[PDB]
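1. So I pulled this structure from the PDB, and the sequence comes with it:
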Amino acid sequence: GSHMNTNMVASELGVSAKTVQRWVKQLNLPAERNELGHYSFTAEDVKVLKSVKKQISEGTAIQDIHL
Amino acid sequence: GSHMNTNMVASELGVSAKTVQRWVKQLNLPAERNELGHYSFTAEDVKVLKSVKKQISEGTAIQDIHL
Amino acid sequence: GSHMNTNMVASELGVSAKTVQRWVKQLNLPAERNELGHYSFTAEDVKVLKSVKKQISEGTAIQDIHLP
Amino acid sequence: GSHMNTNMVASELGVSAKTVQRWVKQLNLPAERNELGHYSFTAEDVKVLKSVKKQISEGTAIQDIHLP
DNA sequence: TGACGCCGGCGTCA
DNA sequence: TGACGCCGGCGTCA
């Protein structure tokens, strides 16, 4: 559907829900916040997190990530 | 200073956190929602709540209370 | 009132009922339970609970907290 | 080499890593632990857990979770 | 980072 | 409605 939840996004990136949480928080990434505080990432947001993954897999430190 | 939390609003109204959550959920009182999903009421959002309290104590059914 | 409900004890400790109930179980404070299953705290029990909160905020580990 | 970590098992079951760790503590399920304390589920572990997910949905109580 | 326990909202029994 | 457990976000420790 439109968006997925942290769990779905983490299983697809092969990372942990915790990691997803740290990335969004630390990187100030824009995602929709659910009425209960749950992260809601759209197909477009994933593209962002997908990038964060690739960049990280190149020695790039999370603080030094460009978006 | 300008935003009360459920635990606070409840202690004042002399009720449980669950009671407050139940009045907000059932009667749809638009109250500022926290980025985490926590209710955050205004000094005046407290009145509307202290109102329902007095009404209820007068035999007023929740589904019947008016805002 | 020889007893106070979880919500009274909580409003005095500036915490939710959840937090109070959590502490109770974690340290096993024989605390009474009325015929309805609700918790009935005695002004004596509130004393112990207030203590815990103090020690807790002082870094004292759940497992380390002292009680009578 | 079939040793999955909490994250991989949670993905296969379609639940959070937290939900998994509970099912484990709650039912004393056998899960190996690293020097670091990280879980490492085998082929069986994932099956037992996958079965629990079933019963849980079928309304079966925790304390009553058949355990092949 | 993983494990873990706290926190506040929510559905559910009683 | 209180007690209880689950949820997912978040802080903290190792």
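-> Here it is on my side, so go on. Residues are numbered from 1 along each chain as shown, chains lettered A, B, ... in the order given.

2. burial measure for residue A:18, as a count.
-> Residues lying near residue A:18 (other C-beta atoms under 10 Å in any protein chain shown) number 14. Heads up, the C-betas are built off the backbone N, CA and C, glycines and all.

3. what's the helix or strand for the residue nearest to the spatial centre of chain A?
-> Taking C-alpha atoms, centre = their mean, the centroid of chain A lies closest to residue A:49, which sits 4.1 Å from it. Residue A:49 belongs to helix A:43-56 when assigned by DSSP states H and E.

4. Correct me if wrong: the residue nearest to the centre of chain A contacts residue A:27.
-> No - in this structure, residue A:49 is not within contact of residue A:27 by C-beta atoms under 8 Å, at 9.2 Å.

5. residues from chain A in reach of DNA strand E?
-> Neighbours of DNA strand E within chain A, by C-beta under 7 Å from any atom of the strand: A:15, A:16, A:18, A:19, A:22, A:35, A:36.

6. And these, which of them are buried?
-> Neighbour counting with 16 or more other C-beta atoms under 10 Å in any protein chain shown marks A:15, A:16, A:19 as buried within the residues of chain A next to DNA strand E.

7. need the strands for chain A, in chain order.
-> A:3-5, A:32-33, A:39-42 (DSSP state E).

8. what residues does chain A put near chain B?
-> Within chain A, the positions near chain B by C-beta under 8 Å from any C-beta of the partner chain are A:33, A:34, A:35, A:36, A:37, A:38.

9. and the gap between residue A:48 and residue D:30?
-> 39 Å (C-beta to C-beta, to the nearest Å).

10. Could I get the phi/psi values of residue A:16?
-> Per-residue torsions, residue A:16: phi -100, psi 150 (degrees, to the nearest 10).

11. Am I right that it is in contact with residue A:10?
-> Yes - counting by C-beta under 8 Å, residue A:16 touches residue A:10, with 5.7 Å between them.

12. Need the overlap of contacts for these two.
-> Common neighbours of residue A:16 and residue A:10, using C-beta atoms under 8 Å, 6 or more residues apart in numbering or on different chains, are residue D:7.

13. how deep is the residue in chain A that chain D sits nearest to tucked in, by neighbour count?
-> As assessed by C-beta to the nearest C-beta, chain D sits closest to residue A:11 within chain A, at 3.8 Å. By the measure other C-beta under 10 Å, the count of residues near residue A:11 is 21.

14. Dump stretch A:11-18 to PDB, restricted to CA.
-> Below are the C-alpha coordinates for stretch A:11-18, written out as PDB (Å, rounded to 0.1, in the frame of the first residue of the first chain):
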ATOM      1  CA  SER A  11      13.000  -6.500   7.200                       C
ATOM      2  CA  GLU A  12      13.500  -5.200   3.700                       C
ATOM      3  CA  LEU A  13      16.700  -3.300   4.400                       C
ATOM      4  CA  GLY A  14      17.900  -6.300   6.400                       C
ATOM      5  CA  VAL A  15      18.700  -4.000   9.300                       C
ATOM      6  CA  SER A  16      16.900  -3.800  12.700                       C
ATOM      7  CA  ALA A  17      13.900  -1.700  13.600                       C
ATOM      8  CA  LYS A  18      16.200   0.000  16.200                       C
END
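
15. For residue A:3, give me its contacts.
-> Contacts of residue A:3 (C-beta under 8 Å, 6+ apart): A:32, A:40, A:41, A:42, A:43, A:45.
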